[PDB]
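Working notes, structure below.
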């Protein structure tokens, strides 16, 4: 995880972990803006069916 | 009925407040067999048991 | 048994030192009743300085 410099579309988002002892911590979040479908896909929730 | 988040000491404080109240001579409770199979709940003045 | 033996409560004095994997206590830490009893986590890491 980088706490210095710049990057495009990349953010060190904060979240509290409950799959671990209760604590806040950052994780790298990546956004891909790709010309194509008008639909927005979030794979971290969507898994099909 | 008392509602509140846990670890609030509801039982302890409730008991502490209840212990300060006064009720005049709660009658002694007893069972009286009206037959071989029938039992009736009876109340009596204290000391009449 | 025609009639069991009734054990009245007593003020406990023991120190319960549970042992388990971090995942083992993850199934118990979810309820708030575990926290109001236990405040002491003896934490072991798989790494040392």
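A short reminder: the numbers here are calculations on the coordinates, not readings from a lab. Positions of Cβ are generated from backbone atoms using ideal geometry, with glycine treated the same way; all protein chains shown enter the neighbour counts.
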Residue check, residue C:20 surrounded by 10 or more Cβ atoms within 10 Å (Cβ to Cβ), without any contact (Cβ under 8 Å) to a residue 40 or more places away in the chain, farther than 29 Å from residue B:9 by Cα and within 14 Å of another protein chain (Cβ to nearest Cβ)
yes
Among the residues listed as B:34, B:44, B:2, B:29, the single one being in contact with a helix residue (DSSP H, G or I) (Cβ under 7 Å, 6 or more places away or on another chain) and away from chain C (no Cβ under 14 Å):
B:2
Quick check on my filter: what residues within region B:32-49 are surrounded by fewer than 10 Cβ atoms within 10 Å (Cβ to Cβ) and in a strand (DSSP E or B)?
B:33, B:41
Take region B:1-31 and flag every residue that is in contact (Cβ under 8 Å) with a residue 12 or more places away in the chain, in a loop (DSSP other than H, G, I, E, B) and within 30 Å of residue C:32 (Cβ to Cβ).
B:2
Just give me the residues in region A:1-12 being in a strand (DSSP E or B) and loosely packed, with under 10 Cβ neighbours inside 10 Å, in sequence order.
none
When residue A:16 is run through (1) in contact with a strand residue (DSSP E or B) (Cβ under 6 Å, 6 or more places away or on another chain); (2) away from chain C (no Cβ under 14 Å), the failure sits at (2)
Which one is nearest to the other protein chains (Cβ to nearest Cβ), of the residues in region A:19-46 that are surrounded by fewer than 10 Cβ atoms within 10 Å (Cβ to Cβ) and assigned to a strand (DSSP E or B)?
A:23
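For every residue, the table says whether it meets (1) within 14 Å of chain B (Cβ to nearest Cβ); (2) in contact (Cβ under 8 Å) with a residue 24 or more places away in the chain; (3) more than 17 Å from residue A:21 (Cα to Cα).
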| residue | (1), (2), (3) |
| --- | --- |
| C:2 | no, no, yes |
| C:26 | no, no, no |
| C:30 | yes, no, no |
| C:35 | yes, no, no |
| C:41 | no, no, no |
| C:44 | no, no, no |
| C:48 | no, no, yes |
Is it fair to say residue A:1 is touching a residue at least 24 places away in the same chain (Cβ under 8 Å) and under 14 Å from the mean Cα position of the chain (by Cα)?
yes
